[PDB]
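Encoded as structure tokens, the following chain is the form deposited without ligand UDP, with no partner shown.
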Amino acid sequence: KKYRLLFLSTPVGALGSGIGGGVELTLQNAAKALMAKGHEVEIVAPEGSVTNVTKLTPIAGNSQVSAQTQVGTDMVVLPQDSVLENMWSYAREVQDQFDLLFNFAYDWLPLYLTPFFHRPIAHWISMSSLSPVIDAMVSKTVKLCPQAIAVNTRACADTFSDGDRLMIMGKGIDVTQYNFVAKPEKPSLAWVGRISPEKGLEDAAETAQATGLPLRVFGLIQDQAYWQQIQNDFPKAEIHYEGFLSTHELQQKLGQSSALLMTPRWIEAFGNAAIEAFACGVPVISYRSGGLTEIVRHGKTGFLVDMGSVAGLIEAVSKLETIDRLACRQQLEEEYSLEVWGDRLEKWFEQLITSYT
């Protein structure tokens, strides 16, 4: 069962620019996983895209607005000569050379064009129902082509009107790129996410202050005024900025943490910090929110805390010694690895190719 697959990337930025976000990594990890099972993969992506994973054919056009800015929109907006148009124009040109098409863009046009191709198209929805057109199109598309749309977490399907017809594929990461730290040199706590007042970073600082453990922050300081506030509100806490880093620079410093604190104030979707902390042998102490409750195995690879309970975070930090760091790594090897994930995608596509036939 050696398939020929065409991967269609996001139109927001170019591969390697980091502008598209986690999908840029999910795409290449999907390519790596499916290639290692013996399949051929071609990546279609905008002009200026670069990858070392497989063949990439760039496509000229105008970059499309990100779908994270239009939350709840019932609009479809495509710029003149949009990249997404020419990408799917190309897909129609070459679709006969392939067995399946795999889409990563979170947009209307790829979903709508699905019944217009004479090859099966698969869709990876990267975020959880941010807009009803995608909810409507996902609704329309799964009814027209069952098993057509997959996501990572059940929490994501909960935001979709037809999540019961959404496929749950989890995710996969490249374990060889993460430095497992068996034991950090000094105890410390870590936090990863967007630095803004409604991301719960304040709770982590208090936990750091009450336990006497330095807090190491990873992310983009979007409000330099807001950053200054946190050190002032939790004064005796040793808070350190580690910058907005790539996957490599992040894990190079993540392993030296005793635990990753994930303290959302609302249902949070900037995970993978957990999955990567498991790659580095870092247990995860997180509030009970969204997909984390399915990743953090309480008492085994971390702790789950009642939402908003700073006292719960402090108690959990005090019990870190009971968490075998090897267990975190072992969970990542058995789930969230390219070997197991590449198996699920492979089984998923073969169902689609045979059912489409």
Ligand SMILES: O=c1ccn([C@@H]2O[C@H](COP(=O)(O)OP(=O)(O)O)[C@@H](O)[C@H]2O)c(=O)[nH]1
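In case it trips you up, residue 1 is the first one in the sequence shown, and so on.
Although not depicted, the form deposited with ligand UDP bound is the subject of the following passage.
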Answer with open or blocked: the shown chain lacks the ligand, so superimpose ligand UDP from its arrangement in the bound PDB entry and check for 3 or more ligand atoms within 2.4 Å of backbone or C-beta atoms.
blocked
Can you work out whether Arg154 and ligand UDP are in contact in the bound PDB entry, taking contact to mean some heavy atom pair no more than 4.5 Å apart?
no
Does any part of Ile125 reach within 4.5 Å of ligand UDP in the bound PDB entry? Heavy atoms only, please.
no
Test of understanding: in the bound PDB entry, would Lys183 fall inside 4.5 Å of ligand UDP by heavy atoms?
no
is_contact(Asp203, ligand UDP) in the bound PDB entry, heavy atom dist at most 4.5 Å:
no
Heavy atom contact within 4.5 Å of ligand UDP in the bound PDB entry, the stretch among 225-233, 111-119, 241-249, 79-87
241-249
In the bound PDB entry, the residue from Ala105, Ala148, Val192, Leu189 with a non-hydrogen atom within 4.5 Å of ligand UDP is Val192
What is the one choice in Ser129, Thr211, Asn272, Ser139 with a heavy atom within 4.5 Å of ligand UDP in the bound PDB entry?
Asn272
Given ligand UDP in the bound PDB entry, answer whether the residues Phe278, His298 and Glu333 all have a heavy atom inside 4.5 Å of it.
no
What residues, if any, in 201-223 have a non-hydrogen atom within 4.5 angstroms of ligand UDP in the bound PDB entry?
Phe218, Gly219
Between the rigid parts turning between the shown form and the other one, which of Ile267, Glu335, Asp81, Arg119 is at the hinge point?
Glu335
